[PDB]
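The structure appears right after this line, and notes come after that.
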Amino acid sequence: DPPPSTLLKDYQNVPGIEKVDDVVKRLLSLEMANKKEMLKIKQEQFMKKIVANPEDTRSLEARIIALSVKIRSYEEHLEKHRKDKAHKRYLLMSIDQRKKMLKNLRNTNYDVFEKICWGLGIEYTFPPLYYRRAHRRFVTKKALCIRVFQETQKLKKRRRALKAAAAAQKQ
Amino acid sequence: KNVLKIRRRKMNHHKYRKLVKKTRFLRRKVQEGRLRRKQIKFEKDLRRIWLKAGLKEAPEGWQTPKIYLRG
RNA sequence: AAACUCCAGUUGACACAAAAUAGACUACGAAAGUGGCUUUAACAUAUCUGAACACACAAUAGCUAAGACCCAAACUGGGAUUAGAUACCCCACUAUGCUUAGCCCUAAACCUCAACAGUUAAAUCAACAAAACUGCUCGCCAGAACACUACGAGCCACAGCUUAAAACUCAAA
RNA sequence: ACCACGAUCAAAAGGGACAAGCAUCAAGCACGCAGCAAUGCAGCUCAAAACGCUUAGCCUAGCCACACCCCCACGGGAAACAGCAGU
Ligand SMILES: NC(=O)c1ccc[n+]([C@@H]2O[C@H](COP(=O)([O-])OP(=O)(O)OC[C@H]3O[C@@H](n4cnc5c(N)ncnc54)[C@H](O)[C@@H]3O)[C@@H](O)[C@H]2O)c1
Ligand SMILES: [K+]
Ligand SMILES: [K+]
Ligand SMILES: [K+]
Ligand SMILES: [K+]
Ligand SMILES: [Mg+2]
Ligand SMILES: [Mg+2]
Ligand SMILES: [Mg+2]
Ligand SMILES: [Mg+2]
Ligand SMILES: [Mg+2]
Ligand SMILES: [Mg+2]
Ligand SMILES: [Mg+2]
Ligand SMILES: [Mg+2]
Ligand SMILES: [Mg+2]
Ligand SMILES: [Mg+2]
Ligand SMILES: [Mg+2]
Ligand SMILES: [Mg+2]
Ligand SMILES: [Mg+2]
Ligand SMILES: [Mg+2]
Ligand SMILES: [Mg+2]
Ligand SMILES: [Mg+2]
Ligand SMILES: [Mg+2]
Ligand SMILES: [Mg+2]
Ligand SMILES: [Mg+2]
Ligand SMILES: [Mg+2]
Ligand SMILES: [Mg+2]
Ligand SMILES: [Mg+2]
Ligand SMILES: [Mg+2]
Ligand SMILES: [Mg+2]
Ligand SMILES: [Mg+2]
C-alpha cells in the first residue's frame with residue numbers, strides 16, 4: 001500500500017503543497033482519509049506503470065486495472081469478514097468480469113495483454129472444457145485407472161529388457 | 001382458481017409420509033442392503049479395470065475405499 | 001374450572017430478548033431478505049443472452065456442539081366443552097425462536113407474468129386477470145391419473161433432498 | 001488371344017461419409033503425440049452426446065450379411081433342405 005504520508009490524488013498537483021505546515025500535510029494525506037482514497041492512489045500507480053496513455057480511462061487496459069484494484073479491496077474485506085456472503089459474491093463476479101476482459105484483450109492486442117499480466121501479476125488460465133461434478137465414485141475410479149496405467153508401463157519396460165537379454169544370448 | 005389439484009397432492013404426500021413412518025425400520029434394513037451391493041458393484045468395476053489391462057492383482061498399495069458408508 | 005397465593009399495587013435498581021411513532025414514505029439488495037443508534041468496510045461488469053448438476057447464495061422449519069433465556073411456544077400435562085374431542089377455549093411447561101461454529105438446501109421461494117431491445121399503428125382483444133404486440137436468446141411444456149411415487153445416480157443429507165419413469169385404469173381431466 | 005506401361009472391372013490397404021430409441025448409459029480408462037532408433041512428452045475421446053444398453057437387414061434396376069452351432073473353423077460340439085418338391 002502507498003505510505004500514509006502520501007497526498008490525496010486531488011491535492012498532489014496543487015502549486016505550493018510542499019511548503020504548507022506539517023499539520024496541513026496530514027489533513028491532505030491518506031492517513032486522514034478513508035480506504036477508497038488509498039485505492040485511487042493504487043490505481044494511478046498501475047496506470048503509469050502499464051498503460052501507454054495514463055489519461056485514457058475507457059480503454060480495455062484501464063478497465064482491467066480499475067477492476068483489479070476493486071478485486072484486491074474485496075479480498076482484503078473478506079479476510080476480515082469471512083461470513084459476508086454479499087461481498088463474496090461481488091468478488092467472484094469481479095474475477096469473472098476481469099477474466100472476460102483479459103480474454104478480449106488477449107484476442108485483440110496480445111502485446112498489451114502481456115504487459116497487463118506482468119504489471120498486475122495475473123496468471124491467465126484457460127477455462128475447463130467440461131463442467132460436471134467429480135463425485136466420489138469418479139474420483140476413486142480415475143485414481144485407480146491412473147495407477148493401473150503406471151503399473152502397465154513398468155511391466156512393458158520389463159518385457160523389453162528380457163527380450164533384449166535373450167536376443168543377445170543367441171549371438 | 002380452486003385448490004382441488006393441490007388437495008390431491010396434499011393427500012398423496014400425507015399418505016406417503018405416513019407410510020414411510022410406519023415402515024421406517026424395514027426401509028432402514030433395505031437401504032443397508034442396497035448400499036452393500038452398491039459397494040460390491042463398485043469394487044467389481046475397479047477389479048475389471050486392472051484385470052483387463054493385464055495385471056493379476058490390484059496396483060501395489062491400492063485399497064478400494066468404502067465410498068458409500070455414513071462415516 | 002384448573003392454576004398461583006414468597007401473590008398483587010406503587011416506587012427504585014435492572015437484558016446474549018424484541019426494535020411504537022416516522023411509514024399517507026416506496027427506498028436498498030441477485031434473490032432470499034432489509035424499517036432503534038454510532039462508526040469501519042462496502043453494494044461486479046462501457047454490448048446482450050448464457051446452467052436442476054459447474055461456481056456462489058438461498059425465508060421458516062430441522063440436525064450436530066457449546067452458551068444465553070424476558071417473552072412466545074410444537075409436544076406433553078392439567079382444566080373445560082362434546083355422543084366422542086387425540087381439536088377449537090383456559091393454564092403450565094419443553095424442543096424451538098437468540099448467540100457461536102458447522103450442516104441441511106426446501107416454500108403459494110408467486111408480483112404463479114424469463115433476460116435484453118423496441119412499439120402504441122394496424123386485426124385492440126376467446127374469458128378472467130394486471131391493455132395489445134414486435135425482434136432476439138436461453139429455460140420449459142405436449143390428455144387425465146398413477147406421481148413432490150418406484151428404480152438408478154449424486155449429496156456432511158439415513159423417516160432426507162435433487163433428478164424422475166412404467167404397468168394396470170378412464171373418456172375424460 | 002499373346003505384351004497391352006492402356007482401358008475395363010474390382011479386392012486388400014489409407015482418407016471421408018453412413019439407422020432408430022434411451023442421458024435414469026456421463027464420463028471412457030490408454031482410448032495420444034514426437035523420434036531413424038534408443039527413448040521422451042502425457043496426452044487422446046466426450047452434453048455439437050464419447051462410452052454403453054436395447055431394437056432393426058438396408059438408401060430396393062438392387063445392395064449387405066449369413067450358409068447347423070462355437071463372431072472365425074486348425075480344432076471341437078456334432079452329423080446339418082435358410083436349393084427344388086415334400087414332411
Ligand atoms: N456439459 C458441459 O460441460 C458443456 C460443455 C460445452 C458446452 N455446453 C453447453 O451447455 C448447454 C447445456 O448442455 P446440456 O444440455 O448437455 O446440459 P445439461 O443441462 O443436460 O447438463 C449436463 C452437464 O452439463 C452441465 N451444464 C449444464 N448447463 C451448462 C451450461 N450452460 N454450460 C456448461 N455446462 C453446462 C451440467 O452441470 C452437467 O454436468 C448447451 O448449450 C451446451 O452446448 C455444455
Ligand atoms: K424501534
Ligand atoms: K420451488
Ligand atoms: K403470490
Ligand atoms: K455365423
Ligand atoms: Mg375464491
Ligand atoms: Mg392420491
Ligand atoms: Mg407502522
Ligand atoms: Mg450473463
Ligand atoms: Mg440443462
Ligand atoms: Mg432446485
Ligand atoms: Mg436456509
Ligand atoms: Mg436454528
Ligand atoms: Mg411463558
Ligand atoms: Mg426454552
Ligand atoms: Mg438480538
Ligand atoms: Mg416471498
Ligand atoms: Mg434467463
Ligand atoms: Mg400426463
Ligand atoms: Mg416437496
Ligand atoms: Mg423422492
Ligand atoms: Mg432411491
Ligand atoms: Mg475395399
Ligand atoms: Mg441433459
Ligand atoms: Mg430408472
Ligand atoms: Mg453410439
Ligand atoms: Mg433380427
Ligand atoms: Mg436347417
Ligand atoms: Mg460359421
Ligand atoms: Mg424347401
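Note on naming: letters A, B, ... go to the chains in the order of the sequence lines (proteins, then strands), and numbering restarts at 1 for each one. Whatever order the structure lists them in is the order used to number ligands and atoms, beginning at 1.
Distances from atom 24 (O) of ligand 1 to the protein include at least one heavy-atom value under 4.0 Å. Inside a 4.0 Å radius of atom 36 (C) of ligand 1 there is at least one protein heavy atom. There is a protein heavy atom closer than 4.0 angstrom to atom 3 (O) of ligand 1. For atom 19 (O) of ligand 1, no protein heavy-atom neighbour is present inside the 4.0 Å cut-off. Distance check on atom 39 (O) of ligand 1: some protein heavy atom falls below the 4.0 Å cut-off.
Scanning all heavy atoms of the two residues, the minimum distance from A:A62 to A:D56 falls at CB-O, 3.4 Å.
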Identify every side-chain donor-acceptor pair in residues 140-162 of chain A under 3.5 Å, counting partners at least two apart or on other chains, and give the distances.
from: A:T140; atom 1: OG1; to: A:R136; atom 2: O; distance (Å): 2.8
from: A:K141; atom 1: NZ; to: B:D45; atom 2: OD2; distance (Å): 3.0
from: A:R147; atom 1: NH1; to: A:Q150; atom 2: OE1; distance (Å): 3.2
from: A:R147; atom 1: NH1; to: A:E151; atom 2: OE2; distance (Å): 3.1
from: A:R147; atom 1: NH2; to: A:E151; atom 2: OE2; distance (Å): 3.0
from: A:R147; atom 1: NH2; to: B:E60; atom 2: O; distance (Å): 3.1
from: A:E151; atom 1: OE2; to: A:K154; atom 2: NZ; distance (Å): 3.4
from: A:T152; atom 1: OG1; to: A:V148; atom 2: O; distance (Å): 3.1
from: A:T152; atom 1: OG1; to: A:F149; atom 2: O; distance (Å): 2.7
from: A:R159; atom 1: NH1; to: A:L155; atom 2: O; distance (Å): 3.4

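Proximity of A:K100 to A:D96: side-chain heavy atoms (C-beta onward) are nowhere separated by under 4.5 Å.
No side-chain donor from either of A:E31 and A:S29 sits under 3.5 Å from a side-chain acceptor of the other.
Within the model, atoms OG1 of A:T57 and CD1 of A:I65 stand 11.5 Å from one another, a figure rounded to the nearest 0.5 Å.
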- prompt: Can A:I50 and A:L120 be said to form a side-chain contact (heavy atoms from CB on, under 4.5 Å), step by step?
  reply: CA-CA 9 Å; A:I50 298 167; A:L120 300 175; 3.8 Å; yes
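When only non-hydrogen protein atoms are considered, atom 1 (N) of ligand 1 lies nearest to A:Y131 O, 4.4 Å. Protein heavy atom in closest approach to atom 6 (C) of ligand 1: A:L129 O, 4.1 Å.
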